[PDB]
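Contents: one structure, followed by commentary.
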Amino acid sequence: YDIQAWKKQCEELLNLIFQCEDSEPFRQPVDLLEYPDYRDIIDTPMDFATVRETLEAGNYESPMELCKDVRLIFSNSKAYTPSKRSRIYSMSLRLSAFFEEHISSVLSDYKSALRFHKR
Ligand SMILES: COCCNC(=O)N1CCN(C(=O)c2ccc(Cl)o2)CC1
């Protein structure tokens, strides 16, 4: 019932994601010099360094907001990919499965703790 615990749980999970080779494409923003059409396709860039900085700045109120930005990393990869068999997109799908496997308990515990708080 700790309604703050999600923040360190997310820091920990971001540390695991940064250790994961599959996060290599989405640590930093897309260099628009290497992908000159990126912003023609993607309205809202997102990456894991931006998510970590937002968290560490105290600019997430809940793990749902962090989850929305991480999911945007993955949806951007899916929107930008020329092929469902692309290397970078394939890395996104594995990393997404990993993230969803790990974030589920963080969301559940937070929502449970908030419900207890508001009982
Ligand atoms: C080392 O990483 C540098 C920053 N990352 C980066 O440039 N990109 C990651 C995002 N992205 C894609 O999701 C994608 C799908 C299919 C193809 Cl190709 O790319 C475009 C490439």
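Ligands are numbered from 1 in the order shown, residues from 1 within each chain, and chains are lettered A, B, ... in the order they appear in the structure tokens.
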Checklist line | Selection near residue 93 of chain A, 10 Å with only C-alpha atoms, sequence-local residues under 6 positions removed, as an MDAnalysis selection string | finding: chainID A and resid 22 74:75 77:78 84 99
Write the selection just made, keeping N, CA, C and O atoms, as a short mmCIF file (atom, residue, chain, number, x, y, z; two decimals), in the first residue's frame?
```cif
data_model
loop_
_atom_site.label_atom_id
_atom_site.label_comp_id
_atom_site.auth_asym_id
_atom_site.auth_seq_id
_atom_site.Cartn_x
_atom_site.Cartn_y
_atom_site.Cartn_z
N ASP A 22 18.61 -5.25 -26.53
CA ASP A 22 17.46 -4.90 -27.38
C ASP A 22 17.05 -3.45 -27.15
O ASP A 22 16.27 -2.93 -27.97
N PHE A 74 7.46 2.14 -28.39
CA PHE A 74 7.22 0.93 -29.18
C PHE A 74 6.29 1.26 -30.34
O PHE A 74 6.50 0.72 -31.43
N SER A 75 5.26 2.06 -30.13
CA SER A 75 4.35 2.35 -31.24
C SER A 75 5.11 3.17 -32.29
O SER A 75 4.84 2.99 -33.49
N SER A 77 8.22 2.82 -33.10
CA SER A 77 9.04 1.85 -33.86
C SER A 77 8.16 1.11 -34.86
O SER A 77 8.55 0.91 -36.02
N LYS A 78 6.95 0.76 -34.45
CA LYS A 78 6.03 0.00 -35.31
C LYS A 78 5.56 0.91 -36.47
O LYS A 78 5.46 0.42 -37.61
N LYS A 84 7.71 -5.61 -40.91
CA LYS A 84 7.50 -6.24 -39.60
C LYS A 84 8.66 -7.14 -39.26
O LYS A 84 8.73 -7.61 -38.12
N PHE A 99 9.13 -5.41 -21.06
CA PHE A 99 8.61 -4.29 -20.28
C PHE A 99 7.23 -4.64 -19.75
O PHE A 99 7.00 -4.40 -18.54
#
```
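Every residue of segment 57-96 of chain A found in alpha helix (DSSP H) when DSSP is run on the backbone appears here: residues 63, 64, 65, 66, 67, 68, 69, 70, 71, 72, 73, 74, 75, 76, 77, 78, 79, 80, 87, 88, 89, 90, 91, 92, 93, 94, 95 and 96 of chain A.
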Check: Do you know which residues are at most 8 Å from residue 114 of chain A counting only C-alpha atoms, after dropping those on the same chain fewer than 3 positions away, and could you put them as a ChimeraX atom specification?
Finding: /A:1,3,110-111,117-118
Grab the residues selected above and save them as a JSON list (two decimals), in the first residue's frame with N, CA, C and O atoms.
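Written file, out_28.json:
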```
[["chain", "number", "residue", "atom", "x", "y", "z"],
["A", 1, "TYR", "N", 0.85, -1.23, 0.00],
["A", 1, "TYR", "CA", 0.00, 0.00, 0.00],
["A", 1, "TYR", "C", 0.87, 1.26, 0.00],
["A", 1, "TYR", "O", 0.37, 2.31, 0.28],
["A", 3, "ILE", "N", 2.13, 4.12, -1.92],
["A", 3, "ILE", "CA", 1.73, 4.77, -3.20],
["A", 3, "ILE", "C", 2.91, 5.50, -3.84],
["A", 3, "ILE", "O", 2.69, 6.02, -4.95],
["A", 110, "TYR", "N", 0.52, -0.16, -7.52],
["A", 110, "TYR", "CA", 0.17, 1.27, -7.42],
["A", 110, "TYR", "C", -1.34, 1.45, -7.31],
["A", 110, "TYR", "O", -1.82, 2.18, -6.43],
["A", 111, "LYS", "N", -2.10, 0.84, -8.21],
["A", 111, "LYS", "CA", -3.55, 1.08, -8.25],
["A", 111, "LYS", "C", -4.17, 0.52, -6.96],
["A", 111, "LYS", "O", -5.06, 1.14, -6.45],
["A", 117, "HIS", "N", -5.67, 3.87, -0.17],
["A", 117, "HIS", "CA", -5.53, 5.27, 0.32],
["A", 117, "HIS", "C", -6.89, 5.97, 0.30],
["A", 117, "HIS", "O", -7.18, 6.74, 1.23],
["A", 118, "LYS", "N", -7.70, 5.69, -0.72],
["A", 118, "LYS", "CA", -8.98, 6.40, -0.97],
["A", 118, "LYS", "C", -10.15, 5.65, -0.34],
["A", 118, "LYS", "O", -11.29, 6.09, -0.54]]
```
Next item on the list: Would you list the residues that come within 6 Å of ligand 1? Count only C-alpha atoms and all ligand atoms and give the answer as a ChimeraX atom specification.
Entry: /A:24-26,28-31,77,80-81,86,88-89
Dump as a compact mmCIF listing (two decimals), in the first residue's frame, selection limited to N, CA and C atoms:
```txt
# COMPACT_ATOMS: atom_id res chain seq x y z
N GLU A 24 19.08 -0.91 -27.38
CA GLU A 24 20.13 -0.14 -28.11
C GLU A 24 19.48 0.89 -29.04
N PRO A 25 18.46 0.55 -29.86
CA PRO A 25 17.89 1.54 -30.77
C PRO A 25 17.15 2.70 -30.07
N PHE A 26 16.65 2.49 -28.85
CA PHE A 26 15.69 3.43 -28.21
C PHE A 26 16.22 3.96 -26.87
N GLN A 28 18.25 6.78 -26.89
CA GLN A 28 18.44 8.21 -27.16
C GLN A 28 17.48 8.55 -28.28
N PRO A 29 17.25 9.85 -28.57
CA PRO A 29 16.37 10.23 -29.67
C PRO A 29 16.88 9.72 -31.02
N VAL A 30 15.96 9.53 -31.96
CA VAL A 30 16.32 9.20 -33.36
C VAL A 30 17.10 10.38 -33.92
N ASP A 31 18.35 10.14 -34.32
CA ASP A 31 19.13 11.13 -35.10
C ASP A 31 18.40 11.28 -36.44
N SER A 77 8.22 2.82 -33.10
CA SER A 77 9.04 1.85 -33.86
C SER A 77 8.16 1.11 -34.86
N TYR A 80 7.25 3.44 -37.74
CA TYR A 80 8.38 3.88 -38.60
C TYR A 80 8.92 2.71 -39.40
N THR A 81 8.70 1.49 -38.95
CA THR A 81 9.34 0.34 -39.58
C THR A 81 8.84 0.16 -41.01
N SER A 86 11.86 -6.09 -39.77
CA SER A 86 13.01 -5.17 -39.56
C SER A 86 13.74 -5.54 -38.26
N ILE A 88 15.35 -3.42 -36.06
CA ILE A 88 15.04 -2.49 -34.93
C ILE A 88 13.62 -2.75 -34.45
N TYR A 89 12.65 -2.95 -35.33
CA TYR A 89 11.28 -3.25 -34.90
C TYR A 89 11.27 -4.58 -34.14
```
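Contact shell of residue 20 of chain A at 12 Å (only C-alpha atoms; same-chain neighbours under 3 positions omitted): residues 13, 14, 15, 16, 17, 23, 24, 25, 26, 27, 48, 91, 92, 94, 95, 96, 98 and 99 of chain A.
The space separating atom CA of residue 65 of chain A from atom CA of residue 36 of chain A comes to 28.9 Å.
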Item checked: d(atom CA of residue 97 of chain A, atom CA of residue 39 of chain A) in Å -> 25.8 Å
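When only C-alpha atoms are used to compute distances to residue 4 of chain A, the closest of the residues A:90, A:108, A:62, A:83 turns out to be A:62.
Nearest to residue 41 of chain A of all the residues A:106, A:11, A:82, A:66 is A:82, based on only C-alpha atoms.
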